[PDB]
Structures are given as structure tokens and as C-alpha cells.
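Worksheet: the structure to be examined is printed underneath.
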Protein chains: 4
Amino acid sequence: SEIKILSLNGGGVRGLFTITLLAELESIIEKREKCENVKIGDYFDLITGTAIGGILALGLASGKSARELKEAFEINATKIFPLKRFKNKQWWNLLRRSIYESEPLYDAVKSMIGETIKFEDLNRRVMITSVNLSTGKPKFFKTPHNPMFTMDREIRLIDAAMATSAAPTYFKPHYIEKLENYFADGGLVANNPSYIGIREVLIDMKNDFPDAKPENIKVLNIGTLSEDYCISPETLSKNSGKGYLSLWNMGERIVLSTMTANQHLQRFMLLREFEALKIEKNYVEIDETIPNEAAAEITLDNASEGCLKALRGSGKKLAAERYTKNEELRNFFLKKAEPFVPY
Amino acid sequence: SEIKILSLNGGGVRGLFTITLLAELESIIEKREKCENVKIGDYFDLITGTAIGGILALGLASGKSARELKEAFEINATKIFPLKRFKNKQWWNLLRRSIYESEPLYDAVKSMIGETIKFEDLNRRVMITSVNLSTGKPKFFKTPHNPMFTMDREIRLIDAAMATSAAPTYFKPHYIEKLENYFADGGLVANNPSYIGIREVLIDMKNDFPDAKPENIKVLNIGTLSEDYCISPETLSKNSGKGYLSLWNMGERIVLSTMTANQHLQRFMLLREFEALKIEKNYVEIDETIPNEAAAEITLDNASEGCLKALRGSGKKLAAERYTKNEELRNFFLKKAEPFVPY
Amino acid sequence: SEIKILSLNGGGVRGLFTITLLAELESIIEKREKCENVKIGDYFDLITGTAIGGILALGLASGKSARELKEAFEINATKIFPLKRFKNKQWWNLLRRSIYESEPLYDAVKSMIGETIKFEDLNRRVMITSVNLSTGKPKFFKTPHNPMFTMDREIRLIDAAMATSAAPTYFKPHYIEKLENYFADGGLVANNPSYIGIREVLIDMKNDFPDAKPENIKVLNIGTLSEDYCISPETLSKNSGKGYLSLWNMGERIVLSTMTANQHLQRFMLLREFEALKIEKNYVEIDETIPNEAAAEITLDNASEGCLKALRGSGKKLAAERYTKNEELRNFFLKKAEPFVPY
Amino acid sequence: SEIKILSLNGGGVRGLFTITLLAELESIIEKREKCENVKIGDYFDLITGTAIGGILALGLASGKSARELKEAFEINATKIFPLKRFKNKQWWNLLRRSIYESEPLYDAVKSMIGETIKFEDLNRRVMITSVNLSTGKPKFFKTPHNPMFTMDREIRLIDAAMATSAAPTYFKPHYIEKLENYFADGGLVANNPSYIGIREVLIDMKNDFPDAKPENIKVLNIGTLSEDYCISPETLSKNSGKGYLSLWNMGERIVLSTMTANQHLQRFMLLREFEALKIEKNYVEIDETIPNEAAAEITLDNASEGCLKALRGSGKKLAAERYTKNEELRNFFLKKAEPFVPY
Ligand SMILES: Nc1nc2c(ncn2[C@@H]2O[C@@H]3COP(=O)(O)O[C@H]4[C@@H](O)[C@H](n5cnc6c(N)ncnc65)O[C@@H]4COP(=O)(O)O[C@H]3[C@H]2O)c(=O)[nH]1
Ligand SMILES: Nc1nc2c(ncn2[C@@H]2O[C@@H]3COP(=O)(O)O[C@H]4[C@@H](O)[C@H](n5cnc6c(N)ncnc65)O[C@@H]4COP(=O)(O)O[C@H]3[C@H]2O)c(=O)[nH]1
Ligand SMILES: Nc1nc2c(ncn2[C@@H]2O[C@@H]3COP(=O)(O)O[C@H]4[C@@H](O)[C@H](n5cnc6c(N)ncnc65)O[C@@H]4COP(=O)(O)O[C@H]3[C@H]2O)c(=O)[nH]1
Ligand SMILES: Nc1nc2c(ncn2[C@@H]2O[C@@H]3COP(=O)(O)O[C@H]4[C@@H](O)[C@H](n5cnc6c(N)ncnc65)O[C@@H]4COP(=O)(O)O[C@H]3[C@H]2O)c(=O)[nH]1
């Protein structure tokens, strides 16, 4: 009759906005409905995540409230992105090794989600998009909502969270000993896992949803302050005939353009499809754009207190504003989603 | 009742195998059906391509036969990719400028379709993929099959052909005066234009085909011998803790993994969508992998005198083999496609 | 039955985006309707402008098309904003004189609309916002659509255009000899004249339209690529306890915050009023934020060939996209507005 | 039906006139009606405020008499504006840090309404206009007269009152912990909160007042001895080609002209709208202008004993005169306003 999907983009530190918006939404539901022990993850039949959105997707899927994840986000964000290595993000340090370390990231998820629970212990469906560097193909960690799935049942949620967050430059690739393969972010293939989220319900979650059409699918995509990347007009008009050193500075501009264009495309097919069935209102996207002055400050991995306050303030402001105006946002929390019982 | 789509990937010189397979298919139809001057582009309701696939798609839709395109490819490939520039791909050359030149590529396209034909003159539907470097969004050049289109009616086909083939490293970005925006290769987004080709029929081509569903859509994807790129196990295991210089070589590994993973993802989406719909013979894919001992010679920008023969030999071989075996391949050419008359 | 208002924001060189969007909006109408010498000012019952939007508003009401105004914009942009003045914008050249001579701007307006035409020689209603520096009140130059108007019937249009474009820091205040009062930029009061444009139709324009309500009013607000200004979170967090030199650098932050908030405020009451009456579709806004990379290049007074291409390219792109999607945008140009007969 | 709005303008210590006039009006109602315990806030259905007007608006809406607010105004004015800081307003002190301190202002507000009352506790509707420096948009703190409001309900009144009084040059920006956003004076967008007051009754307060029209809306805008700021005719004539040293005297003249022009504009559209329906009597404005020699002493932050007497004397003088003459002023205090109960 109705299927609700929560999609979280990958934004690193900017995932604080993703969790602050969800945490602020939890308090609004409790205050207005006079209830208690409200978890944002109980209203969604599928929770899709990618990069830092994947880590929050696993936390909500297990059963933790967004406020608890938000509390762990604040203390851990400084440890995950120390200021000693943020200032050393220059050429010869990057040319020698990846910045930061995976151990602070590993410990943060361990307290957040655990170190033993696997996908077969989850009562909520989840997707953790990632790419397999060993084979070159994208590998999507997910709960066995398909009865015939025999691969992701006994991985461990911490392995999926570490795999999708192992940024190609910001972190070392994550080795899963169970799979004997190395992994990287799902943002390389889908920074906005909202289109692929709709696909899974249509073709794979048929045991639970025998008749699933896009009209009965509602998507609540919470962005991470999506940056609209583009090459500067002066560089394009002046350095078009150059190469690498001037245009496409090292590999940076090629991948960032590749990520942004791919991210835009998946959103475009998501948008283009919905107007075809005239059901655009089913897609609720809650995201904004960083102002130019704030854009140079709020980066992917900036843990400074000033920008952390800005991310928290943006999430609190957007959550309250969109709840008042967007009626479709309020419809996600009218009823609790049925728990996922593996077949 | 039936919709046919031709999808062509991007491989550079390896696109000769795409046109050699189409050229040999044209001769087979003439020999068996006892006809003359058959056009391989007259049996498709929509022709979509990327990079070298886009140039071939534009040429086929303009009315030029695949055999004419085949002989044009042979002579021009030595000019588009000169031996002196191919041999001079040192790091300092790529760091100083872009290898190869855009002038020889411009002449090859001009000699085949012209320099004045626009998308409004074509009698065959066309979908060309490109990346708008000025904005970051993917721009898809197309004929006005949807009457509401008001952007691409007066852009020359040579402008779209040069834009989609503008490889980020192997060519300078193509500047379109009619749009004042710079463009890069369409292979950064949709190197396999198979999934997006079906989407256009179900979204934008609703005028000619009102009741269009994937069950009535047959896709003939002709690959360009694309290798399954992956990071070597020795480099992954030995250098997972390094950066740029060792792991993610400068930027090539990050970009190359991103393209193949996205290309895999779009291919996977098509396969998964078709598998669920219990029809898979609709997707006729004719592609192969280069043997390891021959993969070091057949490069996307290497022509030589043997690689020309090797790609041509594969095209003639695969055209005859799949025609004899794949029954659904023969069903593509059983009837000519209706002409595209813009509304 | 229906009243159409065209609102033009002020952005300096960014008005080239405003005129490029209007230029190809004329071209699309000329194509699809198969007409010639189309005038975009004939479809609007009232044209409202501010700063560079005011100059273009006066030109369109003279009976001239947007394409002719666009051609003069390109040649005069490098003349109104010389590169030598652009490079020398330090504090010593800003505290000693206004930067950018006013004569080059004078000739550009003179060469297009003339030098002797007055507000009584206009067949289209006009609103031009300005700040009367001598009295500290907003002075709104407008055609005598109110029959009791006896103030600006004999003032040259070049004086109103020169007054509304006098940016307080860039262009020195414009002395109107007919009124003996000095004037400054009209963007200090209403940088988005969309809201005040509706007020004029309801309050003063009661002779041409006796029964005017916001329900029967359609507004086509063409933006100026305006940036949503805000103080950087790093500066607010660390330097909120300081004054002037650190926070509110000299005075730039106070004026920019005051103008941006006021522009936001007037935009907000426009949205709230239309939301209350369920006529949100009547307000058609065509604007787009500049990316962070492009923001450092597309400033308010940069007329470099790279920035001009981007502003022209954005206008070219937006005009075609919005025409295809926004049906309400197409409905503006269905019929020509009756000419304004002064009374 | 009838709807009464009380609007209080900002200005700092000149708000003593605003509270003295309200205090004298309270005593007049007691004396002529022969009653006791008269609250001036019980006769208005909405109280709009800004800067010192907003602080008084919160106090009146809390339920406290104007005389009680007036008594604390005289005692706290000296500590809020100490003479040592008032005389030390040289450029080298303003260029280093903001004049005055917000701690005495914090205690003065705390001693009046408290430190724990929130917008959900108020029985009277209220506005608090402010500028969100972190985002650039204007934020309007208000009681939940709209049942869908979810943001300001749990915000302490002392935070909103301190936000609207944060004059950009005089008081440091107020950092709200609950919102993680910095705020500035609300007089940057509305020094005269009268026009926006009428809008709310027609837009947000549609639940308590379904059939609300500007005809049934009566406004009592109490001024703050507002000065009609303008640039000196000698300066505009002698120095019109200079910049930022002789003209604009740094940034002070630009912000002052922008603030006064915006304040003039909002009053202008208020008068124009009321004049349109011939209901100009609905707007009762009780304000005057300081004489030229007196204005050199009575500033926005002058807490001298002589200046306080003049402001108190003017409030007592105007309260008796306007009550005698203005019949519409007497009609305000004829029936107590219905208390506001949140839904
Ligand atoms: N994800 C997953 N696959 C499983 C599991 N058990 C068995 N499998 C099988 O392994 C194949 C490859 O898995 P992958 O995640 O490595 O590649 C996936 C992933 O790269 C991509 N994909 C998966 N779900 C997707 C989705 N919803 N949208 C877009 N792409 C998606 O398509 C590939 C093929 O999916 P498939 O369902 O045809 O084949 C599965 C599936 O049949 C299991 O527990 N999880
Ligand atoms: N491509 C194109 N768009 C046109 C044309 N005339 C008007 N438009 C409009 O411009 C918009 C953006 O064009 P784009 O091709 O640069 O971006 C496109 C392209 O990046 C992508 N896209 C379009 N068709 C697609 C498809 N079939 N499959 C996958 N992605 C597709 O989605 C974007 C939005 O498509 P849309 O149809 O909603 O909006 C169009 C469309 O309404 C025209 O001739 N071509
Ligand atoms: N603009 C204008 N005013 C004229 C003219 N002939 C006589 N007047 C009178 O001069 C007054 C002040 O003009 P202004 O433009 O300097 O200030 C104007 C302008 O600052 C503002 N205003 C006018 N129309 C507006 C509008 N539609 N939206 C917002 N603000 C507006 O309100 C002020 C008072 O308008 P009003 O119509 O009550 O009084 C006019 C009007 O009665 C005339 O030809 N033009
Ligand atoms: N003021 C307010 N807004 C709330 C509250 N709870 C949710 N909201 C929502 O937040 C939006 C932005 O609030 P803001 O005060 O920061 O910006 C406001 C303020 O800058 C301005 N505004 C509001 N009422 C106004 C009014 N009466 N007159 C003039 N401007 C007004 O318009 C903006 C958008 O108002 P809106 O009602 O469409 O959207 C609200 C509203 O839907 C709440 O408790 N108070």
C-alpha cells in the first residue's frame, strides 16, 4: 500500500547535518505526538546509505535513535578528523600516504554500532553501497531481504560501515577478511543512493512486497549539503589547451567532475522518472547549498567547532522549516514501518 | 509493439570493432536477403552512443552506411591518433598539455556527415552523452523527438560529436560557441549508453511511442572490447597503506575505477531490471574481452598496422558467429524502422 | 483577466545573464511561433527593474528587443568596467574616490535608449527604484500610469537609468538636474522588485485595471545570479567578540547583510502572500546560485571574457530548460500586452 | 470584528519614550475609567517589536504592566549604557571591539521577564524580528499562533529579546545555543514593525482570525522619536566624487541610509495600502521628531540624566495630547483583547 525509503548521501563531516536533521525530527515527533522512545528508523521499510550516510544507515537499522548517533557523532568527529593532520593536507604528505587513520573511524563505529552484530541479526532492511577494488565492480552490502541471498548474511555491520567510508584519498582501503577483497566508498558509484534504493524495492524486495510500483514508493533523501561542483570559467576559458598541471589539477578535477556528474545523473533519472508518472511529490529531498563564504569553510573533513555548529544549526533549522511546510515530510512518521523478519 | 535501440560504447580506436561488426552485419543482410545498399541505422528506432560510439551513432543516423563509416574509420584513425603523438605520451607531456590534437578528429567527422547538419535535420532519433564541464551536470545532446525540446535544434552534429569524444586526458575540452559551455567525454558518465537508452523511450519518446514498456523494448548493445579494469592484487595488498604515488597512481586508478564501476553499475541495473521482468533475450549484447597477451597492445589510442587488423578481425568474426547462433540478433533486422519525422 | 509583470534584479555585470535569458527567450518564440522582429517587452503590462535590471527595463519599454540590448551589453561591458579599474580596487583607491568612471556607463545607455526621451514618451509602464540621498527616502521613477502623477513626466530616461545604477561604492551618486537631488543605487531598497511590482498594480495602476487582485497577477522575476550572502561560520565563531576590523570588515558585511536580508525579506513576503492565496504558480522565478568555484570568478563588476561566457552560457542554458519544463513561463508569451497610453 | 496590533520601533535608549507613553496611557485609562491594575498588553491581539521595541514587546506579552517595564527602564538604562563606555566611542576602540557589553543588557531583561519562560508559555502573540547572520535571512521569533510552528516553541524569551537588540555596531551578535545560529538587530530588515504586523494577521493567524482583512485591522505604531536621516547637502555637493572617507564617512552613511530608506519604504507601502481602501484612520502612529539642537544630545545610546528626562517628558506629553485629540487612539483601549491559547 505504501513503502517508505530513507536515503542518506555521503558527505563525511557534513553527515552531521544528516544526523542533526534526523535527531531534530525525532524530538519534533515526541513533542507534538506526546510520545517517548521515538527512533527515526522505525518508520522506513528500507534505509539506504553511502559513505558517512551508510554509517548512519546501519545505526538506525539496528534500532538506535538518531539522537544517540548524533551524540556519538559530536565527540568522535574530532577524533576521526584530528586537527594535527588536517593542517598537514598538502602535496608531499598526500603523495606519500593517505591522510588520517582508520582506527579512530573504526572505534567510533564500534561504540556506535558494535563489533559482533551481522546483517542476519538486523530487524530492519539496509543497503551499504561500496565498490570492490579487487574486481572493479560495485558491491552492495544488504540485509537478506531476498530469501536467496547467501553472501551478506554473516559479514558484520562494522565491516560494511568501514568499507563504504574508506575514501579513496582520505582513508586507506578497507580489507574485509571474510570476503578477501578491498573496498572503497559507494559514493564513487552512487553518492545519492536514492535511485538505486527505489530499484531494490521493485525487483528484490518482492517477498515482502509482492506488488510494488513506484507510485507506492516514497523517498526521503536527506542530503549532506550537496556541493554543485563545476570548473571555474577562468580556468576553462584560459587553460582549456593545457593538461594536468593547469587543467585537471593532478587528478582532482577529473574525479570531482566524475563524481558530481554521476551524482547528478542518478538524481536526474530519479527526477525524470517521477515526472513521467506525475508522482514527483513522492520524492522528498531535504538539502540546501552552502553559501560561498561558508563553502570554503565547511569542507568534507572539517571538524572545527565553528563549522560543526553551522552544520548542527542548518540541520535544526531545516528540520523545523521543512516539517512546517512540507506536508509529505510529515506523512513519513504517521505510522510505524513493519519490522523486517528474515525468511 | 516492438522498439529497437542501438547502443554503442566508447573505446577510441576500439570503436572500429563496433563499426566493423555493423559493417559485416550489413553485408550479411545483403547476401542473405538479396538486397542492395542496406543501412544498419534504418532498423533502429533510437540510436545512442558515447565517445566513439557517439560519432558512429551520428554518422549512422545521418544516412551514411556502416560500410562507408568503416572505410572512413580506417583512413582517419591513422590521422586522428598519430604515431608521433602516441609514442610521445610521457608524463611531462601529459603534465604540460593534452596529448594528440582535436584538428584531425574534427576533419574526420566533417568529411563524413558535414559541417552544417543540425539535430533538426536528422531523420533518425539520436542520443549523445556528454559532461558539461562549465556546470558539472551531464548534458545529453539529442534530436527533438520530444516536441518540447528547444535547445539542440540548431547545434551542428559536429559540435556534439567533438564534445562527446573529448576525452579528459587525450583531448582538449570541446567549446561550443552556440552554448558558451565547455564539454568533456561522455564516457565519464554513461560509457555504456544502454540503460539510459531504455529510459529515453519510456520518458522522452512518449510522443512516437505512447504505450512503451520495457517488455516491448529490444536493445542491441555493441561493445568496444571493454576490459574489466581492476586494481592488481599485488598493488592492493602491498600498497594499501600508501597514497597517490604507489596506490591510486597519480589519478588514473581513481578515475579508471570510477568509470568501469559506473559502467558496471549501469549494466547491472539493466541486467537486474530485465532479469526481474523475466525477459532477458531483449538485451542482445555483443562484446568480448581482449586476451591478456594481447591487452598490452590493443589500447584505446593505439592504431599501428596490426591492431587495425586485430579489431577488424574480431568484428568480422563476432558478426558471423552471433548471427548464426543468437536468434534474437537476427530479429533486429527483420523489418526497417519507421522514419523519425519531428513534430 | 490577467496581468503580467516582468521583474529584473540588479547584479551589475550579472545582468548579462538577465539579458541573455531574455535574448533567447525571444529567439525561442521567434522559432516556435515562426514570427520575426519579436519584442519581449510587448508581453508585459508592467516592467520593474533595479540597478542593471532598471537599465534593461527602460530599454525594453522603449520598443526595443532584448537581442539588441544584449549586443550593446557585450561591447560596453569591457567599457563600463575597464580592466585597469578592476585590478586597482585596493583600500587606498577605495577610500580616496569611487572606483569606475560614470561616463562610460552614460554613453552605453545613451547609445541604446537615447538622450532626450522622457517618461512621457513611453508606451510601456515602467518602475525604476532609487534611493534619494538628499532626502533619505526611496524615489521610484515611473511612467504616468497614474493620471495624477505630475513629478517625473519630463525627466529623461537616461537620468533614471543612471540614478538607479549608481552603486554606492562603485559608481558615484547621480545628480539629477531636473530634481536637484542626488540619487544612489536602487538595490539599497528593493534589489528584488518583484514584491513592489505587485503593489503598484494594486494601488496606483487602478485606472487601466479597475479590478486587480494578486490572483490575476503573474510575475516573471528574472534573477541576476544572486548569491545568498552570509557571514562565514569561522568568522562568526572566532571573531564575534571583535569589532569592525575583524567582524563587519569596515562596513562591507553590514551593508551586504542588510541588503541580502532585505532582499530575502521582500522575497519572503511575496512567497507568503502567494502561498496564503494558493496562487504560488503565479510567481515564476528564474534564478540559479553560482557554484562555489565560479563564485570567486563571477563577481559583481567582472567583465572578463571568461566571466562573460559563463554568464551568457548560464542564460542560454536556463532559457531553454525553463521553457521546456515551466508551462507558466510559456503562458507569459501567449498574447501581447496592450500598449500603455499615457493619461 | 476588530483586530488590534501594537508595533514598537527600535532605537535603544530612545525606547524610554515608547515605554513612558505606554505607561502614561495605562494611568490615563485607570484615572478616567476608575479601575485598577491596567495592563497595556491586554488590549492587543498581536504585539510586534524590534530592538528595544522587541524587548518591551516581550515584557508586555508576558503579562507585566508598562509602568513596571518603565520603572526598570530608568534604573537599567544607566547600566546598559554606562557613561564610561558611552564617551569612549573613538575610532580606535570601535575598530578593535564592539562598544558597551551585553551582560548588563542580559541582567536587565532577566530581572524583568526571567530566564526560563519560553514562547509556548506566553498567553499573548508576539514578534521578535532579527537577522540570522549565519544564514543571512531574517528570522522572526514568534509565539505559536500558527499551530504548525515547531521551531520557536522551546526558545527562551531572553534569547529572542537579546537577539533583536544586538545592534551590529553597538552590541555583539547574540548566539542562541538552542539554534546554533548567531543573530543581529532586527532593525536591519524592519525598524518599523508595522507593515509586517498586518501581514501576519492575514497569513499566519488565520486559525484564530479566519476572516481577517486589512479593513478590520487597527494598528497603533508607537514611534521611538525616529529621525529622518539624510546626507548633508553640503556633503552631497562638495564630496560626490569622493568615496568612503569624505563620502559615506566609512560605512556608517551607507548602512544608515539603507536602514532609514528601508524603514521609510515599509511605512510607505503601509500608507499606500491603507490609502487604497480609504482606511487611513486604521493606522494610528504616535511619533514626532527631535529638534535639531536637542538631537545633537538625544542619541540612540545616550543615558544621561538630562536626556532621560526629555524622553520621559515627551512620552508624558504626547500621551495626553493624542488621547484628547485622536479618537481612534481612545478606541484601542475600549475592550480587552482575548487571551491567546496555543492550539
Ligand atoms: N548484494 C547482494 N548480492 C547477493 C547476496 N547474496 C547473493 N547475492 C548475489 O550476488 C550478486 C552480486 O552482488 P554484488 O552486490 O556484488 O553486485 C551487485 C551490485 O553491484 C549491483 N546492485 C545490487 N543491488 C542494486 C540496486 N538496488 N541498484 C543498483 N545496483 C544494484 O548489481 C550487482 C548485481 O546484483 P544481482 O542482484 O544481479 O547479483 C547479486 C546477487 O544475485 C547478498 O546478500 N547481497
Ligand atoms: N538534453 C536535452 N535537454 C533539453 C533539450 N531541450 C530542452 N531540454 C531540457 O533541458 C533539461 C536539461 O538538459 P540536459 O540534457 O542538459 O540534462 C539532462 C541529462 O543530464 C539527463 N537525462 C536526460 N535524458 C536522459 C535519459 N534518457 N537517461 C538518462 N539521463 C538523462 O537528465 C537531465 C535532465 O533532463 P530533463 O529532460 O528532465 O530536462 C532537460 C529538458 O527539459 C534538448 O534538446 N536536449
Ligand atoms: N513615483 C512617483 N510619485 C509621484 C509622481 N507624481 C506624483 N507623485 C507623488 O510623489 C509621492 C512620493 O514619490 P516617491 O516615489 O518619491 O516615493 C514613493 C516610493 O518611495 C514608495 N512607493 C511608491 N510606489 C510604491 C510601490 N508600488 N511599492 C513600494 N514602494 C512604493 O512610496 C513613496 C510614496 O508613494 P505615494 O504614491 O504615496 O506618493 C508619491 C506620489 O503621490 C510620479 O510621477 N512618480
Ligand atoms: N517564524 C517562525 N517560523 C517557523 C516556526 N516554526 C516553523 N517555522 C517555519 O520556518 C520558516 C522560516 O522562518 P523565519 O522566521 O526564519 O523566516 C521568515 C521571515 O524572515 C519572514 N516572515 C515571516 N512572517 C513574516 C511576516 N508576517 N511579515 C514579514 N516577513 C515575515 O519570512 C520567512 C519565511 O516565513 P514562512 O512562514 O514562509 O516560513 C517559516 C515557517 O514555515 C516558528 O516558530 N516561527
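Cβ coordinates were reconstructed from backbone atoms using ideal geometry, including for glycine residues, and neighbour counts include every protein chain displayed. FYI, it's all coordinate maths here, none of it is from the lab.
Residues of region B:97-113 that are within 10 Å of chain A (Cβ to nearest Cβ) and aliphatic (A, V, I, L, M): B:99 alone.
Number of residues in region B:146-162 that are facing chain C (nearest Cβ under 9 Å) and out of contact with any helix residue (DSSP H, G or I) (no Cβ under 7 Å at 6 or more places or on another chain): the value is 4.
Please work out which residue is nearest to ligand 2 (Cβ to nearest atom), limiting yourself to region A:115-133 and to residues that are in a loop (DSSP other than H, G, I, E, B) and in contact (Cβ under 8 Å) with a residue 60 or more places away in the chain. Step by step, filter region A:115-133, then rank; the result is A:125. Taking the numbered list (1) away from ligand 4 (no atom under 16 Å from the Cβ); (2) under 30 Å from residue D:250 (Cα atoms) in turn, residue C:192 passes all entries but (1).
Please determine, by comparing only the residues of region B:58-96 that are in contact with a helix residue (DSSP H, G or I) (Cβ under 7 Å, 6 or more places away or on another chain) and of a type in the set (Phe, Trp, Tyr), which one is nearest to the other protein chains (Cβ to nearest Cβ).
Once the filter is applied, the top-ranked residue is B:81.
For region D:201-209, the count of residues that are of a type in the set (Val, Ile, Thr) and within 30 Å of residue D:323 (Cα to Cα) is nonzero.
Conditions (1) hydrophobic (A, V, I, L, M, F, W, C); (2) surrounded by 24 or more Cβ atoms within 10 Å (Cβ to Cβ); (3) touching a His at 6+ places or on another chain (Cβ under 7 Å); (4) within 20 Å of residue B:80 (Cα to Cα), marked per residue:
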site: B:151; (1), (2), (3), (4): yes, no, no, no
site: B:163; (1), (2), (3), (4): yes, yes, yes, yes
site: B:186; (1), (2), (3), (4): no, yes, no, yes
site: B:200; (1), (2), (3), (4): no, no, no, no
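Just so you know, in region A:291-343 the residues that are charged (D, E, K, R) and in contact with a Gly (Cβ under 8 Å, 6 or more places away or on another chain) include one that is nearest to residue A:13 (Cα to Cα), and it is A:301. Listed by first and then second residue, the pairs with beta-carbon distance under 6 Å, at least 6 apart or on different chains, first residue in region B:266-289 and under 23 Å from residue B:323 (Cα atoms) and more than 11 Å from chain A (Cβ to nearest Cβ), second more than 16 Å from ligand 2 (Cβ to nearest atom) and among the small types (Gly, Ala, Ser), are B:287/B:223. When region D:207-263 is filtered for residues that are among the basic types (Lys, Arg), under 23 Å from the mean Cα position of the chain (by Cα) and farther than 21 Å from residue D:331 by Cβ, only D:253 remains.
For region C:165-175, the criterion of being under 23 Å from residue D:270 (Cα atoms), within 16 Å of ligand 3 (Cβ to nearest atom) and more than 13 Å from the chain's Cα centre (by Cα) is satisfied by no residue at all.
Filtered by the rule that a residue be in contact (Cβ under 8 Å) with a residue 60 or more places away in the chain and more than 8 Å from chain D (Cβ to nearest Cβ), region C:232-265 gives a lone residue, C:263.
Mind checking which pairs have a first residue in region B:134-145 that is more than 10 Å from every other protein chain (Cβ to nearest Cβ) and a second that is among the hydroxyl-bearing types (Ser, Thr, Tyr) and part of a loop (DSSP other than H, G, I, E, B), Cβ under 9 Å, 6 or more apart or different chains? Close Cβ pairs (under 9 Å, with a partner that is among the hydroxyl-bearing types (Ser, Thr, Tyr) and part of a loop (DSSP other than H, G, I, E, B)) amount to B:144/B:150; B:144/B:343; B:145/B:343. Restricting attention to region D:305-330 and to residues that are farther than 12 Å from residue D:16 by Cβ and either touching a strand residue (DSSP E or B) at 6+ places or on another chain (Cβ under 7 Å) or among the polar types (S, T, N, Q) (or both), the residue that is surrounded by the fewest Cβ atoms within 10 Å (Cβ to Cβ) turns out to be D:324.
Pairing residues of region D:73-85 that are within 14 Å of residue D:55 (Cβ to Cβ) with residues that are β-branched (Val, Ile, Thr), at Cβ distances under 7 Å and at least 6 apart in sequence or on separate chains, gives D:73/D:19; D:77/D:13; D:81/D:13.
On the stretch given as region B:292-343, residues that are of a type outside the set (D, E, K, R) and closer than 29 Å to residue B:76 by Cα total 23. Screening region A:1-114 for helices (runs of 4 or more DSSP H) wholly inside it with 3 or more residues that are more than 16 Å from the chain's Cα centre (by Cα) returns the ranges A:15-33, A:66-80, A:83-86, A:91-94, A:102-113.
When only residues in region C:150-162 that are without any contact (Cβ under 8 Å) to a residue 24 or more places away in the chain and either hydrophobic (A, V, I, L, M, F, W, C) or part of a helix (DSSP H, G or I) (or both) count, which is nearest to ligand 3 (Cβ to nearest atom)? Checking each candidate, the answer is C:151. If you filter region D:114-133 down to residues that are farther than 20 Å from residue D:15 by Cβ and within 14 Å of chain C (Cβ to nearest Cβ), you find that the one that is nearest to ligand 1 (Cβ to nearest atom) is D:132.
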